[PDB]
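Asker: here come the first chain(s), positioned as in the complex:
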Amino acid sequence: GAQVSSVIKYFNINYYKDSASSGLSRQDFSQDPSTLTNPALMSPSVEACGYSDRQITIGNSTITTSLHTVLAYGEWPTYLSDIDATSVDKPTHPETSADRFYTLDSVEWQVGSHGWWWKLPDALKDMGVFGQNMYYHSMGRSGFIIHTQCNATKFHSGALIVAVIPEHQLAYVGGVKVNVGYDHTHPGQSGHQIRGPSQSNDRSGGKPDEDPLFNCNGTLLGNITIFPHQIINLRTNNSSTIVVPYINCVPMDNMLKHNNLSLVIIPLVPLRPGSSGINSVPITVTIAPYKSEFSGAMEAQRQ
Amino acid sequence: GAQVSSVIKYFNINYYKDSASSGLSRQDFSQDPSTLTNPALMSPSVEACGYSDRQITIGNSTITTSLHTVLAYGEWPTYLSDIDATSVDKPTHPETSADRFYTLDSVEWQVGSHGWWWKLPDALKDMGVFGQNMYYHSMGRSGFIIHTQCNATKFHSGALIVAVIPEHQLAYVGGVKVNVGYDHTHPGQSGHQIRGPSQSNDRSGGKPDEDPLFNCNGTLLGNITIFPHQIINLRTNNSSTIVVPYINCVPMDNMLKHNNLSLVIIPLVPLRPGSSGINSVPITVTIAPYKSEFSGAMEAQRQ
Amino acid sequence: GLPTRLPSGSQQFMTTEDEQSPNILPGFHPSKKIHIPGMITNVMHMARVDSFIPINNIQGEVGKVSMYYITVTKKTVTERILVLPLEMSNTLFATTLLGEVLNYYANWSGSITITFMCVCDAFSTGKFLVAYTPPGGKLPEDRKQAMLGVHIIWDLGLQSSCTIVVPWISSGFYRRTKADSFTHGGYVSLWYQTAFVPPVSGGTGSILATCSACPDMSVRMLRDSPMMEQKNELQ
Amino acid sequence: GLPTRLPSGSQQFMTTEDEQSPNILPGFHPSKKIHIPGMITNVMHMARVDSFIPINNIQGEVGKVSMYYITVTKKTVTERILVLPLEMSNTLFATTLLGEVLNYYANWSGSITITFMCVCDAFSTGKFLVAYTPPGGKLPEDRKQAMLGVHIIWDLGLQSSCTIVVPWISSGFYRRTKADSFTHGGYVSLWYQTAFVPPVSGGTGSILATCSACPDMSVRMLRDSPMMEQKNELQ
Amino acid sequence: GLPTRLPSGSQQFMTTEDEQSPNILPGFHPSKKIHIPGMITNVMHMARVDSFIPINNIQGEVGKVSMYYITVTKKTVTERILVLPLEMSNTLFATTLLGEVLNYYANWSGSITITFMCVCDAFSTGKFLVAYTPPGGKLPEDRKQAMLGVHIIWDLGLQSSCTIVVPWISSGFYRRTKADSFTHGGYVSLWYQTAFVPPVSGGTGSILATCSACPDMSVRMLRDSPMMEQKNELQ
């Protein structure tokens, strides 16, 4: 035919001469024989590979905290290099001017606050010379570093879930068949405050789902731990850091149309004041583009 | 059975014992592995193979111009040799008496002139001792050298397409099912002035199609560049030279019945006079039979 | 020519078989395969990831985020705080990454790993008894009968003591995913070792619990998960 | 005898399969194969040959030879002379050797090569800006927005500057032949860099354009070309 | 392609054939095989184990434990105590481990082994003649005609003399399990050599008998045992 170039041998044969005509895929061996965990999942500690790449400072802005950084999918961000790239055109590397920590508007964390989410790169579209390079380039790829920091006292209580969901596709707020609007899934830096669930939530213009339990996409919380995440417990730690590489099928995508990440912050346990009289605490998010690349320069896609 | 005498080997096997019972044809290799362009197409520069064969003089007539000669299908004309030939009978080579430049009747190139075509060898049938050897021989083969020369001033404008179509089969001038007449596709040296298109063009006796855009055969201009061609732009060059080998399935054909080439000259952009007052310019065609062979001598096939 | 025979099961079509098939679209060139972060080669590695158990699922709390946490206060006498009957078909486990990977498979083996996390202030302190009663035992009803099984003392102010590893104690080699009296896997219950002592009287604790597979977990006989149902066509 | 099995897809007849077949007329001796000039082993080498784009296709000009050339004159301010939206399903490209080889294949990749040729007198002179706006950009509407993409300055009196090579700029590895908003390939537009200056006021230029594949062009998934239709039987 | 032929008996389904079959549930991992005492690799080794013959099967005694033993007393003249016509289809043998393994097979060969055991007090004593009359002989009717065949003198107070080995004496190589006049295997009968002398007049003996295969026993042609019948469906 063809072939190709308790233990059972077999003659490898393609009867139809082709790959992909072949049957199902097993694990071969050349000689006789005679795995349990995947550390890439489970969100390693960024020391669980190496710490030489990291006191955290990218591009003229400083973070002082880094054994508790989670390295998403155990992969460190890196430039597209070659041989994985489509175009031969040399990408632009802004480096320290567009790779830096951008701190967003703080959000009050109250009793009854259901959650918040930010889409990335979208949140950064107006931020600095990163947000300029989005519009003037066809494509782009970036890794990010999300530093989420919420400080209360020893009298306060309550926990957050800080998760980064690749390709978080929102559900429409209910009923009929509608695509969520371009504007409601691209909120800007302000992100989206989850105000639901209720039967009274407005349904118009494709508004996204407001239910935090189903992750707005229809999958439970508590399974949200399969993504890169940290749990901020005000009894233990006040802050969070997550290092995400560039996750996508494509080497570079548009960055205006496609949001390849989501930063979701869910008050897993509510905020209870202690003997203190403080009913709400700010949550602040600081995003650093890291190892960002841009190609296909044009006129600003800005309207 | 039989056999015969990302990388997949295969045992070459004819299950039915025969060639042509075999399946589709791939590219074999003897050992493991571990193309983009065809210069024969694209009409090379006759220096793109070799210039030793060429100031251009065949058989007592001189052309002085030869890096801009296009060598049709990157093949230089040559005698039938052997082993590709059917009959063992020794062909006749007239050489310098019948291989020489024959200049045809010039044609006014005007505003509104749609084009011209000449069939070959037909155009040469009355020309010299080449046109004598056609009639006295059963068969024959020849390569040709077409030199098309149109000179205007720096004030004039407009471009021609000089193309050589192997087996250019004309469409009948319209309507019903009719073969174009033997006489209308064998015009002689005068060729055929394309006078159409119109709904008023005469339909009788199998007259050929008069529409230059569809190449008279139903295929667009601008795709006519797949054949050996040159574009004469009066801003740049005044002349053209094309060297065609003998293209045919057969070693030798009749030359009276079968016209294995066509010389088509299309005014791609019209002729505009400048400040000058000259509204029309002659186009002259000079054909040289080259490496011509004749066999099967008989009485003149002349009527 | 060659004397072949076609036995029974020749012209069969079996959903689960393995056979080569002709390629429509021959010579088709697949787009190149780049390096995407996060490759998963086996679906048990999802079961390995901690996931919160909906330990509070009751009339009002189901469908809300409050379904994941239990309230503990200071009490004069020990109480039984929580019971997690150990079944992968039960809403507690079935809805997690562990339980919903294991509901595709008709039976399993190995150790569950249950971690507890208390969300309170820094001044609160507590001692909890986490007890696993093996197969065949009754649910304890009092702490002196719960302590006689596998148990760990989970102390706040450590968070190294949170995780209890449910051991594999079974007669047979595998345990059926769907709860039945023959293979039933036992009970994990939570008790007050001493007390939950708030910084001020009337204080309140909040307890979360996660479950993941141990590296010796194994499953077999893939089947239809009860965790999805299609009652009408999707349009 | 030998236990063979016939799986699914055995007695099938697939148009696109590859199988040996019995030879009717055995011992038949094919006529010898001589050397014919011009052998073509691959149909992409036709796409490599320059072919004129019908850049003027409008109400009156379609169906005539004048459909291949644009008229340029001297103008005081820059204008947008021509726009070639880059699609192989569009009449501009679809009718060439490039586009009509690529309409047999469901998607492609690589660089287009666009050459411009001005037919005028020897005394005319001009500077043209040829700009390719990548995927995702709007059509420029003014020259300052066209220049910010890929562009070349095509100058008469050189004819080495005519050819712009449309680069391959894409997210995915392949681009669909049929225009769609997801893969859309962008726009090649022609502008006046400076002016077209005739030898005498009122002079007129005439511009032709060709398109061919670059050696890194590739195609896949052969299909029915939209470029032929049979509405009644041939007799 | 390859010229195969399908002879007769190709698409057949034969109950007793041997053929490989596709595995539904692929990758299924069988539970491990531990060491269980008592593995039996062949069903003739059950026939090797002694089993009591229901030597008393009569109107009243069938269905009770008393069907296994014969009563012997002191008698002035020899009597024929018992006759065991040698057939594996007969209730005597058919209901034992020997006979009910051999009723699955259509014929047999080798030696039967018949052991007698007398249940009496320690003071009783007796001499018994155990005689096997070969195929073709009549049942003896008196001891002088029984002694002329194979015989052993079974004496109490030894219990090394109990076992008589029925020899294999046959024309053909195999004997049909179902009794027929052609292959019939003969008769084992029990007689009083001297007497059964009790310790006190009126004493009573009780005799049991077992049967097992000898190591040279062989069987062939597996069939439906007459020893099971299903007259109505099991629900």
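Answerer: Received the coordinates, thanks. Numbers count the residues shown, from 1 in each chain, chains lettered A, B, ... in the order given.
Asker: any idea where the helices of the stretch 101-250 of chain A begin and end?
Answerer: A:130-135 (DSSP state H, counting those that start in this stretch).
Asker: residues from it in reach of chain D?
Answerer: With CB under 8 Å from any CB of the partner chain as the criterion, the stretch 101-250 of chain A meets chain D at residues A:136, A:138, A:139, A:250. For the C-beta atoms, the positions are set from N, CA and C on the backbone; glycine is no exception.
Asker: for the last one, which residues are in contact?
Answerer: It refers to residue A:250. Counting by CB atoms under 8 Å, 6 or more residues apart in numbering or on different chains, residue A:250 touches A:86, D:171, D:172.
Asker: and it, how far from residue D:183?
Answerer: Distance of residue A:250 to residue D:183, given as CB to CB, to the nearest Å: 11 Å.
Asker: name the residues contacting each of those two.
Answerer: Common neighbours of residue A:250 and residue D:183 (CB under 8 Å, 6+ apart) are residue D:172.
Asker: now the closest residue to chain E within the stretch 1-150 of chain A: closest residue in space that isn't a chain neighbour?
Answerer: Nearest to chain E, among the residues of the stretch 1-150 of chain A, is residue A:24, at 8.6 Å (CB to the nearest CB). Here the nearest residue to residue A:24 in space, its sequence neighbours aside, is residue C:18; by CB to CB, 6 or more residues apart in numbering or on different chains that works out to 4.8 Å.
Asker: secondary structure element holding that neighbour?
Answerer: For residue C:18, there is no host helix or strand (DSSP states H and E).
Asker: can you pull the contacts of the closest residue in space to residue C:12 that isn't next to it in sequence?
Answerer: Nearest in space to residue C:12, with sequence neighbours left out and distances taken as CB to CB, 6+ apart, is residue E:22 at 7.2 Å. By CB under 8 Å, 6+ apart, the residues touching residue E:22 are C:9, C:12, C:14, C:17.
Asker: now the sequence for chain F, which goes on the structure above:
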Amino acid sequence: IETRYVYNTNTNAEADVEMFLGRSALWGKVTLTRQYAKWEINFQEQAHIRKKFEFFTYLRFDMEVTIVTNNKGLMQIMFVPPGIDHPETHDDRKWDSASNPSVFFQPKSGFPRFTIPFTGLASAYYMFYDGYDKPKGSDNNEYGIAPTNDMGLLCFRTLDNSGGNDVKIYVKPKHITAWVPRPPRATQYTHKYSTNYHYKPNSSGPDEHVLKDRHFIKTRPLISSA
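Answerer: That brings us to chain F, laid onto the chains above:
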């Protein structure tokens, strides 16, 4: 590759447990009435094949199932692994399963055959089990081997009705390992999963509650006269 010599036949090779139990016998019959049929996999129903497995206390074997149907035109079989709900009718949405293994066949082409490896969960199958699934005080205690396993079930539907309704399931124990030998059964089975031999012939009227052994021992007129 390897040439694996065995023999033609040996003396008692008829009698080894592999050949003794290694014939494909009918383990159950169902009918396609309504175009649907269902059979829970067991050997308890057929008394002859049940008697042979019960020479042994424990068996470990693969089984291959062969479906002999007089219907035509097309059929589907679905092997439903334990612990879920099987399709209750034809045209049931549960006949669409991403996972549950199923086998399509056209009965006029051939007889479908597949293999179910050893599922026993215990390292061997209990032919006889002396114990209960639930503890002492439990209200409903199943006694015997019924709780110890379930071998699945086979759901049958017919996409083209055509011919007869009668399905027959023949399975062949293969790769058998048998352990503790037992006495052959002397009495006709009166139930499934139950070892009780008392028949209870009648129901409705008088002379009820007299019940029979139905054994295979038959008498002879005289000892010593045989």
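Asker: same question on the contacts of residue E:22, but with chain F included?
Answerer: So residue E:22 contacts C:9, C:12, C:14, C:17, F:113, F:114, F:115 (CB under 8 Å, 6+ apart).
Asker: how about it, phi and psi?
Answerer: phi -70, psi 150 (degrees, to the nearest 10).
Asker: how close does it get to residue F:113?
Answerer: 8 Å.
Asker: one more: residue A:17?
Answerer: Counting by CB to CB, the gap from residue A:17 to residue F:113 is 30 Å.
Asker: so those two - more neighbours on which side?
Answerer: Neighbours per residue, other CB atoms under 10 Å in any protein chain shown: of residue A:17 and residue F:113, the larger number sits with residue F:113, 27 against 20.
Asker: that one and residue F:65 touch, don't they?
Answerer: Yes - with contacts counted by CB atoms under 8 Å, residue F:113 reaches residue F:65, the gap being 6.9 Å.
Asker: ok, whatever residue of chain F ends up closest to chain B - contacts?
Answerer: Here chain F gets closest to chain B at one residue, residue F:1, 18.4 Å apart by CB to the nearest CB. If you count contacts by CB under 8 Å, 6+ apart, residue F:1 has none.
Asker: so it, which of the three states?
Answerer: Going by DSSP: H, G, I helix; E, B strand; the rest coil, the secondary structure assigned to residue F:1 is coil.
Asker: take the contacts of residue E:22 and keep only those in strands.
Answerer: Counting by DSSP state E, the part of these found in strands is C:14, F:113, F:114, F:115.
Asker: contact partners for the closest residue to the first one other than its chain neighbours?
Answerer: What it means is residue C:14. The shortest distance from residue C:14 to any non-neighbouring residue, by CB to CB, 6+ apart, is to residue F:103 (4.6 Å). Taking CB under 8 Å, 6+ apart, we find residue F:103 in contact with C:12, C:13, C:14, C:15, E:24, F:76, F:77, F:79, F:112, F:114.
Asker: add chain G to the structure above:
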Amino acid sequence: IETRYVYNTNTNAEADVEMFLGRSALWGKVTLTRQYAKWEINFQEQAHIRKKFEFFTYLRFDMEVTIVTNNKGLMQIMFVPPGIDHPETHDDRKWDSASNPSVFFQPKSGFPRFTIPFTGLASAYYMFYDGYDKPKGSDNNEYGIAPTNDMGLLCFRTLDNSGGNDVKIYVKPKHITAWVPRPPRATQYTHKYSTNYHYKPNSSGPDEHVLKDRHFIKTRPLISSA
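Answerer: Chain G goes in next, on the same frame as the chains above:
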């Protein structure tokens, strides 16, 4: 040639993504009414097979398609690659194609099977795509994976009408490569290509616009009493 040792089975070999998704499941049903049927290739329709692919954000796989039909006598399938017009009826001139691959079969002979290699165009299939095909201000923006690919479509006609009309398309992902794991879906799908779970039961009359989650979590009477 090469002898390629593997194993019989390993422990979790049931659970590797190749075996997990490597079963052939039904991706759609069509009916031959008028002798013509058409199906756009997608896994979005069947909720069970859709839920399994959606453990993963990205998949790269070949697929083999198996057509189970209760019709008879002859049939044609035409795989129409993207970007052209498919035959709209039987007796359509577009069933004559020099190029579009098609497969003839006689349903009573066997089940036709072919393979469609990975067409993804992106280097993997998007199970979930968070972005739009058209730019910002564009009037009609498709959200999700609908623009990201099309796997073609399958046109069916019947040359000899004969039997039933019901076609079933079973496809098996093979050569699977799965990338970013996701939470299993907790809720019943209410649409195709859309991730929204709100059901909207009613239409015509009053008590409209109350809509349901349809999740799989069920309660218990008391914590601690379980």
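Asker: once more on the contacts of residue E:22, this time with chain G?
Answerer: Contacts of residue E:22 (CB under 8 Å, 6+ apart): C:9, C:12, C:14, C:17, F:113, F:114, F:115.
Asker: make CSV out of those and add distance to residue B:232.
Answerer: Listed next are the contacts of residue E:22 as CSV, based on distance: CB to CB, whole Å:
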residue, distance to residue B:232
C:9, 75
C:12, 71
C:14, 70
C:17, 68
F:113, 78
F:114, 76
F:115, 79
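Asker: for these, which one is nearest chain A?
Answerer: residue C:17 (9.1 Å).
Asker: tally of neighbours for the closest one?
Answerer: When neighbours are defined as other CB under 10 Å, residue C:17 has 22 of them.
Asker: ok, it - contacts?
Answerer: D:7, E:22, E:26 are the contacts of residue C:17 under CB under 8 Å, 6+ apart.
Asker: leaving out sequence neighbours, find the closest residue to the residue in chain C that chain D sits nearest to.
Answerer: Closest residue of chain C to chain D, CB to the nearest CB: residue C:3 (3.0 Å). Nearest residue to residue C:3 in three dimensions, chain neighbours excluded: residue D:1, at 3.0 Å (CB to CB, 6+ apart).
Asker: with residue C:105 instead?
Answerer: residue C:219 (3.6 Å).
Asker: who does the strand or helix carrying the one you found touch, helix- and strand-wise?
Answerer: Per DSSP H and E, residue C:219 falls inside strand C:218-222. Contact analysis of strand C:218-222 by 3 or more CB pairs under 8 Å, 6 or more residues apart in numbering or on different chains; DSSP states H and E lists strand C:105-109 as its packing neighbours.
Asker: all strands of the stretch 1-150 of chain A, in order?
Answerer: A:56-58, A:61-63, A:70-71, A:102-103, A:107-109, A:116-120, A:137-149 (DSSP state E, counting those that start in this stretch).
Asker: and stretch C:117-135, is it in reach of chain A?
Answerer: Yes - contact of stretch C:117-135 with chain A (CB under 8 Å from any CB) involves C:117, C:118, C:119, C:120, C:121, C:122, C:123, C:124.
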